[PDB]
């Protein structure tokens, strides 16, 4: 027997999975594994919403593999310990992974490759988390990664994706390549519960963002129907521009690989071809995917990408150290309703609009609090479902004027920008019900409401809801000065 193992990490899907497809070819058995260390998970700095999304991804993979007379094997432990034991107890001949371009994952996988080579195991590696081979982009930019999105887009215009999506794993392929399954399986290799990872799940509502490939592919189809409407210069919709979680949102599913980035790219292309009757779409059609690719390319050869000190592409800025101010931001207790509502939605649901990310990032860093982008990055990797190491670090550096110098913009007012975005302030009332009583004219700046309006709202500003932690006019005035005295 030729016994094969496919190791899931970031590509949590059965469609467009070339590594898994190549692993099964010529194999007599196949076992799909995810390696989760529950002891380490108990010290995790990642909150419940991200862990639940991951677990639902794994339950979805288990459900779909059972349709194929297979099971997911969730293996408790660390890869460097687990894999020597597995190759042996299962007599494994081939191991497959999707390529991981991030420095830590490159390091981890180099170690597993050496372990597999000393066991005489073939290791299959296929690029499918990104659109391109990132090192070929680096070559076309004179041997270094593009440090501006304009340059990245310029180079990308002269490339086509490596590969169009490959077929999903069908009942076909899995009848001729079996999976031996104990009657004790769910008990040694079943998907962990949130309680097993150290979470108190009492009172936990249903996920606004259910995890996994089945949801991803349902959302993709609805996403394409929504997009065709706007592309058709069509009529208004009541849910055209929402800050609320979108039932066609895809960013969490791209991050975990529930949705192939190459499938998404292809379906956008064909959408433009059928709806705009145009064979050559603009690159802005692919903005979400290219922005992702940009930062993966920038980070792949930079193990300090997520730091300020010692990071060669990050400008050194004298950020303040203010733990109490940072907690106020992270917990949505700033006293600016627009900022607090956004951070409340982030904590409660795990997703916020890109325009809202700019707003809270502005407030934390160069706009108001003058706290390092590293702190905001960390809070987002704790709470933001679609946060990805490279894209998260790069976005925070760009937003804080620490790197990727292009698109210089002024930072939003934490009062005015919310009022321009949601004039009536329903979004504030939704995520901060304590302020539901304020009229539209005070909901973004309730400290300005007369005492009689505050009593009528049953919310005394500074007792039932905090006063603003900073005078924004003064803060942004000082911080604009700080920034230009550094760049003078």
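Residue numbers count along the first chain shown, from 1.
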*Higher mean Cα B-factor in the deposited model: 429-437 or 65-73?*
65-73
*Return whichever of 165-173 and 325-333 has the greater mean Cα B factor according to the PDB record.*
165-173
*Sort 151, 357, 307, 273 by C-alpha B-factor from the entry and give me just the highest.*
273
*Of the residues 447, 34, 53, 40, the one carrying the largest Cα B-factor as recorded*: 40
_Modelled-residue ranking by C-alpha temperature factor, third containing residue 57_ = lowest
*residue 424 - which third its CA temperature factor falls in, relative to the rest of the chain*: highest
*Split the chain's modelled residues into thirds by Cα B-factor; is residue 266 in the lowest, middle or highest one?*
middle
*Using the B-factor values recorded in the entry, state whether the Cα atom of residue 394 falls in the lowest, middle or highest third among the modelled residues of its chain.*
lowest
*Could you tell me which third, lowest, middle or highest, the C-alpha B-factor of residue 199 occupies within its chain?*
middle
